[PDB]
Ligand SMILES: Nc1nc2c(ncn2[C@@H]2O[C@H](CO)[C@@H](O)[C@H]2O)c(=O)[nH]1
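Below you will find one chain, with nothing else, as structure tokens; this is the form solved without this ligand, and questions on how it binds or moves follow later.
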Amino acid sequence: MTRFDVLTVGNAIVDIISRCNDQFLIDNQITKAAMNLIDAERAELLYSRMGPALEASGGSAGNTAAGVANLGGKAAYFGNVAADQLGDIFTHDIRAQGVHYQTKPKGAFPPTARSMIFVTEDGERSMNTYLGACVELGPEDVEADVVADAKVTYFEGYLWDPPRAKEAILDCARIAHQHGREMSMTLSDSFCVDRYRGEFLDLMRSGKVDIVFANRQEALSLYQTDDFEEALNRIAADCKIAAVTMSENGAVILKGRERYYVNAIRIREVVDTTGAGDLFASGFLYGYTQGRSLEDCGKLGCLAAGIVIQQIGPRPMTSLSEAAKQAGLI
């Protein structure tokens, strides 16, 4: 028995969420469906144009850790906030879900990261993120005992944007593998993959990452191809296990020459896609650390992802364990 099933590591962010029309994205030169990095001045400008909003704790890996805990797994999280009200919100929400979260703020400035997320009528989400205190996450924030005692340590490709987070991740990889654990990453966003393609492939090929999460766009971006079959063949050669999501078309899990396709749940209405990939990773990694088949891990991922897109906000407000039991995935 170990202390943790899943440790996740990412940019600690509070989401500021509002609905907009498609013209808003065009007028403001916001790339639809993507993570758009912004500076403090641009954050002020976009906020001044944003309608009334709702706030909810976010951060891709934060959401994944919360989802693991929700399902009943034992989760931990590394991510840096500031000693401010937004940081206090973030700290409360993740700890209240039962995730181990002990990363200490380094003062009030830079302030806690926030992402202005604009949800269009089709339920797509377009994020505009000021990293703030996330730039301070570094090797000093690695709780070595936690990495050692976690079955899987999972991190965001998004961590390659701040300056020193990658150093923490390399430390995690060393500790995890020295203690016989596994490392996992998400490719996070197609433009993120554009930025760090070579680095990501090296993480996989050197064996620093064992399990990779991608959506279709990310997989295509990783190999700069329009051929999805090529992307699947290549990603399977580059990592031990790959979990590739395809929105309404479900998911495919690859291991060597093995492929396991999983159907997406049929949806009432797509309210807000924010968190879909994050919660797919929650379901998959919960199943994986419970010793479930790759197909069942995919099923658990699709169930969690389907639930989160039927609500506003990135962390399911309902019980995923109850949902999983009803679905016979238990």
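Residue indices: 1-based, along the sequence shown.
There is another form of this protein, the form solved in complex with this ligand, and it is not shown here; the text below is about that form.
None of the heavy atoms of residue 233 is located within 4.5 Å of this ligand in the entry with it bound. For the chain shown alone, residue 248 is a contact residue for this ligand in the entry with it bound, at least one non-hydrogen atom being within 4.5 angstroms. With a 4.5 Å cutoff on heavy atoms, residue 264 counts as touching this ligand in the entry with it bound. Residue 297 falls outside the set of residues with a heavy atom inside 4.5 Å of this ligand in the entry with it bound. Contact here is defined as any heavy atom lying within 4.5 Å of this ligand in the entry with it bound, and by that definition not a single one of 4, 7 and 65 is a contact residue. Within 4.5 angstroms of this ligand in the entry with it bound, the stretch 261 to 285 places a non-hydrogen atom from each of 264, 265, 267, 270, 276, 277, 280, taken in sequence order.
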